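*Asks:* Next up is a structure, given as structure tokens.
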Amino acid sequence: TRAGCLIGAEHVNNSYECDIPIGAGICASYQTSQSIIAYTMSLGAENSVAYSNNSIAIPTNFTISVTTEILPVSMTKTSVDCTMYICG
Amino acid sequence: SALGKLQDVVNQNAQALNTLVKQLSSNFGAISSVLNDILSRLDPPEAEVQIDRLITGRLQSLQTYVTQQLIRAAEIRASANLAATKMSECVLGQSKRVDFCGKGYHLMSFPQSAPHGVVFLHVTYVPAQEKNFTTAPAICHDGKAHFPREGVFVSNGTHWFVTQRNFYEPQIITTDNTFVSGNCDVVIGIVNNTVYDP
Amino acid sequence: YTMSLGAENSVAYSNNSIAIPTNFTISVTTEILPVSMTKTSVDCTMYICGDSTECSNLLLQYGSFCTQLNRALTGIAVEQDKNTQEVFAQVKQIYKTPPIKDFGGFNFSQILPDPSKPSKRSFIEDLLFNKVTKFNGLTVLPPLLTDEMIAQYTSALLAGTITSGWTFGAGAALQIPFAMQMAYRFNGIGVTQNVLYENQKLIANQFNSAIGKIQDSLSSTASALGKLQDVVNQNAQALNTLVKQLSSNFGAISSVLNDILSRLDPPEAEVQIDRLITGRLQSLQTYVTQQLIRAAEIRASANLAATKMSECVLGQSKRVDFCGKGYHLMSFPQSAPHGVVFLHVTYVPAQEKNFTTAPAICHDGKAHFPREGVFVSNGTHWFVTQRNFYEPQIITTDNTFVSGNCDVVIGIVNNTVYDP
Amino acid sequence: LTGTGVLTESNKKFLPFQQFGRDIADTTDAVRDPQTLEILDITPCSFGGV
Ligand SMILES: *[C@@H]1O[C@H](CO)[C@@H](O[C@@H]2O[C@H](CO)[C@@H](O)[C@H](O)[C@H]2NC(C)=O)[C@H](O)[C@H]1NC(C)=O
Ligand SMILES: *[C@@H]1O[C@H](CO)[C@@H](O[C@@H]2O[C@H](CO)[C@@H](O)[C@H](O)[C@H]2NC(C)=O)[C@H](O)[C@H]1NC(C)=O
Ligand SMILES: *[C@@H]1O[C@H](CO)[C@@H](O[C@@H]2O[C@H](CO)[C@@H](O)[C@H](O)[C@H]2NC(C)=O)[C@H](O)[C@H]1NC(C)=O
Ligand SMILES: *[C@@H]1O[C@H](CO)[C@@H](O[C@@H]2O[C@H](CO)[C@@H](O)[C@H](O)[C@H]2NC(C)=O)[C@H](O)[C@H]1NC(C)=O
Ligand SMILES: *[C@@H]1O[C@H](CO)[C@@H](O[C@@H]2O[C@H](CO)[C@@H](O)[C@H](O)[C@H]2NC(C)=O)[C@H](O)[C@H]1NC(C)=O
Ligand SMILES: *[C@@H]1O[C@H](CO)[C@@H](O[C@@H]2O[C@H](CO)[C@@H](O)[C@H](O)[C@H]2NC(C)=O)[C@H](O)[C@H]1NC(C)=O
Ligand SMILES: *[C@@H]1O[C@H](CO)[C@@H](O)[C@H](O)[C@H]1NC(C)=O
Ligand SMILES: *[C@@H]1O[C@H](CO)[C@@H](O)[C@H](O)[C@H]1NC(C)=O
Ligand SMILES: *[C@@H]1O[C@H](CO)[C@@H](O)[C@H](O)[C@H]1NC(C)=O
Ligand SMILES: *[C@@H]1O[C@H](CO)[C@@H](O)[C@H](O)[C@H]1NC(C)=O
Ligand SMILES: *[C@@H]1O[C@H](CO)[C@@H](O)[C@H](O)[C@H]1NC(C)=O
Ligand SMILES: *[C@@H]1O[C@H](CO)[C@@H](O)[C@H](O)[C@H]1NC(C)=O
């Protein structure tokens with residue numbers, strides 16, 4: 001491949017979501033008898049929207065979703081003595 | 001793995017610090033990495049040579065450490081600024097920024113603490129069942145072009161209704177739902193129907 | 001010369017005069033942001049020693065410095081894919097446009113991908129790609145996503161924007177006629193939707209014209225993409241510098257490790273080698289530090305780009321200069337080498353007239369205020385109209401609300417209100 | 001003039017007095033063989049990370 005010579009993975013011509021990235025469009029995963037395979041990654045399922053000049057889709061129901069977002073705020077306040085480290 | 005971002009900060013600082021410690025064992029050209037082995041064996045005119053090369057090596061290692069911490073510190077600060085912004089806009093109010101406070105339409109958020117960080121629970125509204133309706137930009141009644149004040153005009157195949165955009169709730173089209181501007185000859189795709197006056 | 005800060009403008013301010021636009025234009029502007037940089041990598045031992053055994057052994061005296069440098073560069077390279085993924089891979093499905101491109105007069109053919117090409121890029125994208133434009137342990141890693149894959153994400157975002165508005169960015173993509181979508185975008189900026197429909201042909205024509213202007217601007221002005229070219233040039237310069245440093249002697253008899261080795265015995269060769277190592281190691285450390293700083297700058301840009309995709313493309317922003325100048329209606333992404341280009345479509349008021357105004361009208365002792373819009377006068381009669389587009393209406397009880405009386409509001413006008 | 005590499009026949013022309021050439025990095029690019037006066041290109045031996 002364009003990312004180098006890959007030895008031991010079985011290349012297949014199917015398309016799957018990326019697991020372990022290799023590069024240049026190629027990923028690998030372990031699956032079904034279970035072995036490492038190489039494949040072109042999928043960017044997602046296709047969706048043809050039924051667009052027309054007189055049709056509108058309107059939801060008749062809804063759901064409530066709660067998601068989690070995690071952010072770092074701080075790190076350990078370390079300190080190093082510039083003389084002791086070097087000279088004891 | 002859910003909290004991998006916070007674990008990552010911890011791991012990187014730990015690694016940088018362990019590296020700084022391991023460097024003390026390098027000789028850098030010296031007879032020994034141990035300052036005391038030099039001192040206990042050599043007279044000062046020679047001990048100084050060995051000491052000077054250890055100093056150069058250790059000083060360079062320490063400078064490297066500090067530079068990396070300054071860069072890392074900046075990254076964390078940027079995250080903290082984002083976190084502070086989200087607290088202000090997601091927790092203390094209702095945001096209009098599209099993906100800022102989670103996916104879907106934002107309703108509210110609740111903070112939770114975490115080691116060296118903050119976790120936000122974002123509550124959003126997600127439309128979840130659509131149906132196919134026929135539509136039109138306007139309805140013309142007795143030559144007058146009627147537009148909805150709110151919502152859109154829809155049809156179920158036999159009757160036209162006006163409804164709010166984000167939730168199907170059909171209503172009879174009346175003069176209290178629409179406003180008038182222009183006539184049947186201007187709007188492209190205008191529908192032939194009536195409007196009820198209570 | 002002394003520079004000018006711009007032309008002067010004395011605004012005709014008074015306590016009873018308001019200017020209101022009677023026409024508008026559609027403007028489309030281009031914003032260019034860097035997203036990523038080349039994923040380079042440098043071998044900390046090969047750069048310094050080549051295949052010299054004596055040099056390699058001398059480097060052991062420096063402990064971990066060699067591995068730390070490779071670790072730092074590896075981290076940057078990984079981050080570069082993270083940045084790309086965050087900006088473009090934010091659509092849950094790959095959306096496609098219909099075979100019949102009926103968008104109410106709006107022509108998107110220059111921004112939609114061309115099916116006849118080996119790479120499905122739009123006309124504008126080809127222009128962007130055409131305009132933006134040693135072995136000593138130095139390599140380049142490929143990106144995880146290819147240009148074709150980026151084009152597919154861009155196409156999906158564009159298809160979604162055109163056929164389901166912003167809905168697809170919150171939930172399922174729900175189809176809507178394009179003209180109705182624009183009507184919502186107009187109400188979203190304070191302009192009543194009938195303005196769109198009554199001027200649909202004009203609006204579509206101005207839009208189509210603006211796109212043609214963009215094609216010409218990008219085709220003729222190479223400097224248009226200078227921000228992306230700048231990222232490329234800086235990394236190239238830094239790398240060439242790293243290479244040139246290998247020729248420095250740093251006090252050595254020769255910069256060439258092999259000249260030292262082929263002529264001197266180890267007791268002397270080591271002296272010359274040790275000074276070359278010190279110099280080369282310092283040069284490499286300098287390079288890595290600069291790349292870490294530069295990487296941070298790019299990441300910040302990528303974060304901004306990702307934000308704009310979410311707020312300008314997947315919705316309608318209220319942030320004043322965030323999605324171009326003027327009132328924002330919608331935006332469309334296009335890919336570019338190492339970056340993203342946004343086309344921002346905005347509404348700009350474009351013909352104002354001088355009207356007399358008042359904060360309120362008092363009728364039979366009652367103070368009447370507009371629910372929406374302002375009161376204006378042409379010198380003979382008073383009308384109520386929407387703020388962003390002149391459209392006078394007879395003032396009626398369905399236009400105004402009542403609070404207080406003639407004695408409270410400063411500058412209240414004596415007139416009547418019609419009750420249907 | 002020494003080094004390690006892969007030699008191939010070049011397709012470039014040296015002036016009659018030139019003995020070797022160099023690239024943009026100022027390293028050896030090509031040489032003139034001393035017995036047969038032909039020009040050879042020097043390509044580094046392949047390498048990469050694993
Ligand atoms: C739309 O509704 C009008 C009635 O409001 C229909 O009646 C008239 O039809 C004739 C013949 O086409 C026109 O010349 C008149 O101008 C219409 N009256 C008005 C007030 O516009 C008309 O036929 C209906 N149109 C359609 C397509 O059904
Ligand atoms: C569109 O909606 C109308 C109601 O708003 C449906 O008509 C009603 O059908 C019920 C029987 O199910 C009758 O009892 C009502 O009297 C009808 N109302 C009217 C105004 O006629 C109509 O069938 C729906 N059309 C489609 C195609 O589903
Ligand atoms: C959208 O705009 C493009 C131009 O940007 C139009 O392309 C022209 O198509 C005709 C055939 O119908 C060709 O003869 C012209 O040479 C094309 N012009 C250019 C510059 O290549 C396209 O027709 C327009 N589409 C719609 C629906 O109006
Ligand atoms: C609003 O401005 C537009 C232009 O931005 C006017 O449309 C132009 O009118 C001239 C004739 O005066 C034509 O030659 C141009 O071709 C038209 N341009 C376009 C894009 O169609 C429009 O008439 C103005 N409207 C008002 C009420 O003043
Ligand atoms: C404003 O309108 C009122 C009528 O609604 C005018 O009529 C009266 O004028 C006298 C003399 O100034 C006042 O004492 C009364 O209080 C007014 N009536 C009411 C209901 O307020 C009044 O003159 C008009 N004012 C101006 C400046 O034209
Ligand atoms: C202010 O606007 C009114 C219309 O709302 C103008 O008055 C009309 O003038 C036309 C002739 O051009 C007559 O046919 C209408 O009957 C008049 N309407 C009314 C209510 O009187 C008026 O001239 C405008 N004044 C100024 C200074 O522009
Ligand atoms: C590739 O696709 C063909 C069908 O077109 C199928 O028969 C074949 O088994 C596939 N091969 C691999 C390695 O996936
Ligand atoms: C709308 O109709 C199309 C066929 O024209 C169908 O594929 C689509 O699933 C329908 N959408 C809904 C919400 O029923
Ligand atoms: C909608 O598209 C159909 C295509 O057959 C066309 O006949 C009809 O006139 C169009 N209506 C509007 C309002 O554009
Ligand atoms: C409003 O009147 C002033 C003079 O008082 C003039 O300079 C200005 O150009 C006028 N503005 C418009 C929109 O006509
Ligand atoms: C507006 O300014 C003029 C200045 O001559 C003054 O006479 C008038 O009373 C003022 N009106 C209001 C409502 O402030
Ligand atoms: C060197 O000697 C060989 C063998 O006799 C001959 O073929 C070749 O041309 C000579 N080259 C030069 C430069 O004299």
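Bear in mind that the values in this text are calculations on the coordinates, not laboratory data. Counting neighbours? That spans all protein chains shown, and the Cβs are built from the backbone with ideal geometry, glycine included.
*Asks:* With the cut-off at 31 Å, tell me which of the pairs C:318/C:353; B:144/C:318; B:144/C:92; C:101/C:227; C:96/C:318 have Cα atoms farther apart than that.
*Replies:* Values: C:318/C:353 26 Å; B:144/C:318 33 Å; B:144/C:92 43 Å; C:101/C:227 34 Å; C:96/C:318 28 Å.
The answer is B:144/C:318; B:144/C:92; C:101/C:227.
*Asks:* Sticking to Cα atoms, compute the Rg of chain B to one decimal and its Dmax as the biggest Cα-Cα distance, whole number, in Å.
*Replies:* 35.3, 113
*Asks:* While we're looking at this one, here's another question. Each residue of the stretch C:162-176 in turn: what ³J(HN,Hα) in whole Hz from Karplus with 6.51, -1.76, 1.60 and θ = phi - 60°, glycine and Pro shown as x?
*Replies:* Along the stretch C:162-176, the couplings run 5, 9, 10, x, 9, 4, 5, x, 10, x, 7, 7, 10, 5, 9 Hz.
*Asks:* Peptide B:91-100: average number of partner chain Cβ atoms within 10 Å per residue? Intermediate values should be presented prior to the final figure.
*Replies:* Numbers: counts 0, 0, 0, 0, 0, 6, 8, 13, 10, 4.
Counting other chains' Cβ atoms within 10 Å and averaging over B:91-100 gives 4.
*Asks:* Kindly state, to the nearest 0.05, the FRET efficiency for residue C:352 paired with residue C:100, given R0 = 41 Å and r defined as their beta-carbon distance.
*Replies:* Values: r = 40 Å, r/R0 = 0.98.
Approximately 0.55, to the nearest 0.05.
*Asks:* Give me a single rounded figure for C:177-185: the average over its residues of other chain Cβ atoms within 10 Å of their Cβ. Walk me through the numbers before you get to the answer.
*Replies:* Working: counts 11, 2, 5, 9, 1, 0, 5, 2, 0.
Neighbouring Cβ atoms belonging to other protein chains average 4 per residue here.
*Asks:* Could you list C:417, A:80, B:180 in order of exposure, starting from the residue whose Cβ has the fewest other Cβ atoms within 10 Å?
*Replies:* Values: C:417 20, A:80 12, B:180 15.
Least to most surrounded, the residues fall as A:80, B:180, C:417.
*Asks:* Can you pull the three principal axis extents for the Cα set of the stretch B:1-92, in Å, largest first?
*Replies:* 69, 24, 17
*Asks:* Find out how many positive minus negative residues lie around residue B:94, taking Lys and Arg as positive, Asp and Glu as negative, among other residues whose Cβ is under 14 Å from that of residue B:94.
*Replies:* Values: positive: B:86, B:96, B:97, C:318; negative: B:89.
Residues close to residue B:94 contribute a combined charge of +3.
*Asks:* Using only Cα atoms, locate the centre of the stretch A:1-40 and the centre of the stretch C:373-420, then give the distance between them in Å, rounded to an integer.
*Replies:* For the stretch A:1-40 versus the stretch C:373-420, the Cα centre distance is 71 Å.
*Asks:* Taking the Cα atoms of chain A alone, what are Rg (to one decimal) and Dmax (as a whole number) in Å?
*Replies:* Spelled out, the Cα radius of gyration and Dmax of chain A are 25.2, 82 Å.
*Asks:* A further question on this structure: Bin width 20 Å, origin at 0, all Cα-Cα pairs of chain C: what percent of pairs per bin?
*Replies:* Histogram of Cα-Cα distances, whole percents per bin: 21, 36, 26, 12, 4, 0.
*Asks:* How would you order B:89-96, A:6-13 from highest to lowest mean count of nearby Cβ atoms within 10 Å? Please report the intermediate quantities before stating the final value.
*Replies:* On the way: B:89-96: 15.9, A:6-13: 10.8.
In descending order of packing, they fall as B:89-96, A:6-13.
*Asks:* Straight-line reach from residue C:325: which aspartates and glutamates fall under 17 Å, measuring Cα to Cα and dropping same-chain residues less than 8 apart?
*Replies:* Excluding near neighbours in sequence, the set is C:31, C:311.
*Asks:* While we're on this one: Rounded to the nearest Å, what's the spacing between the alpha carbon centres of the stretch B:128-155 and the stretch C:263-318? Just the number, please.
*Replies:* Between the Cα centres of the stretch B:128-155 and the stretch C:263-318 lies a distance of 58 Å.
*Asks:* Also, I was wondering about something else. Quick check: the distance between the Cα centres of the stretch B:16-47 and the stretch B:74-121, to the nearest angstrom?
*Replies:* 49
*Asks:* For residue C:248 and residue C:148, calculate 0.36 nm times their separation in residues minus their Cα-Cα distance, and state this gained length in nm to one decimal. Numbers along the way, then the final one.
*Replies:* On the way: separation 100, 0.36 × 100 = 36.00 nm, distance 4.25 nm.
Roughly 31.7 nm would be gained on extension.
*Asks:* To continue, here is another question. What do you get when you divide the Cα radius of gyration of the protein assembly as shown by 2.2 N^0.38 Å, with N the number of residues? Before the final figure, lay out each step's value.
*Replies:* On the way: Rg = 34.5 Å, N = 756, 2.2 N^0.38 = 27.3 Å.
So the Cα radius of gyration is 1.26 times the expected 2.2 N^0.38 Å.
*Asks:* Let me ask something additional. So what is the relative contact order for chain B, in percent, with contacts set as C-alpha pairs under 8 Å and at least six apart? Could you put the intermediate results ahead of the total?
*Replies:* Details: 227 pairs, mean separation 24.1, N = 198.
Result for chain B is 12 percent.
*Asks:* Could you tell me the largest-minus-smallest coordinate of the C-alpha atoms of the stretch A:42-82 on each of the three principal axes, in descending order and whole angstroms?
*Replies:* 74, 29, 19
*Asks:* Place a point 7 Å from Cα of residue C:221 in the direction of its Cβ. Which residues in the stretch C:1-40 have their backbone N less than 17 Å from it?
*Replies:* Residues passing the 17 Å test: C:27-33.
*Asks:* Run the reach check for residue D:12 against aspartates and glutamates, Cα to Cα strictly under 18 Å, same-chain hits fewer than 8 apart removed. What comes back?
*Replies:* Once the sequence-local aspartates and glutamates are set aside, what remains near residue D:12 is D:23, D:26, D:29, D:33, D:38, D:41.
*Asks:* While we're here: How much net charge surrounds residue A:34 when only the other residues with a Cβ under 15 Å from the Cβ of residue A:34 are counted, with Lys and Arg +1 and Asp and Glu -1?
*Replies:* Values: positive: none; negative: A:10, A:19.
Result for the neighbourhood of residue A:34: -2.
*Asks:* So what is the 222 nm mean residue ellipticity for chain C from helices alone, if each DSSP H run of at least 4 adds -39500 (n - 2.57) and you divide by all residues, rounding to the nearest 500 deg cm²/dmol?
*Replies:* When only DSSP H runs of four or more count, the value is -13000 deg cm²/dmol.
*Asks:* Then there's this: Can you give the mean number of other chain Cβ atoms that lie within 10 Å of the Cβ atoms in peptide A:79-88?
*Replies:* Mean shielding by partner chains, rounded to a whole number: 4.
*Asks:* Can you put C:401, B:161 in order of Cβ neighbours within 10 angstrom, beginning with the fewest? Can you show the working numbers first?
*Replies:* Working: C:401 11, B:161 18.
Ranking C:401, B:161 by Cβ neighbours within 10 Å, fewest first, gives C:401, B:161.
*Asks:* Moving to a separate point now. With r defined as the distance between the Cβ atoms of residue C:263 and residue B:81 and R0 fixed at 60 Å, what FRET efficiency is calculated, to the nearest 0.05?
*Replies:* Details: r = 58 Å, r/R0 = 0.97.
Plugging the Cβ-Cβ distance into 1/(1 + (r/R0)^6) gives 0.55.
*Asks:* If you restrict to DSSP beta bridges whose two residues both lie in chain A, what percentage is antiparallel, to the nearest 5?
*Replies:* Working: 9 of 13 bridges.
That works out to approximately 70 percent antiparallel.
*Asks:* Also, I was wondering about something else. Could you please report the charge total around residue B:19, scoring K, R as +1 and D, E as -1 over all other residues with beta-carbon less than 15 angstrom from its beta-carbon? It would help to have the intermediate numbers written out before the result.
*Replies:* Values: positive: B:22, B:58, B:72, C:71; negative: none.
Residues close to residue B:19 contribute a combined charge of +4.
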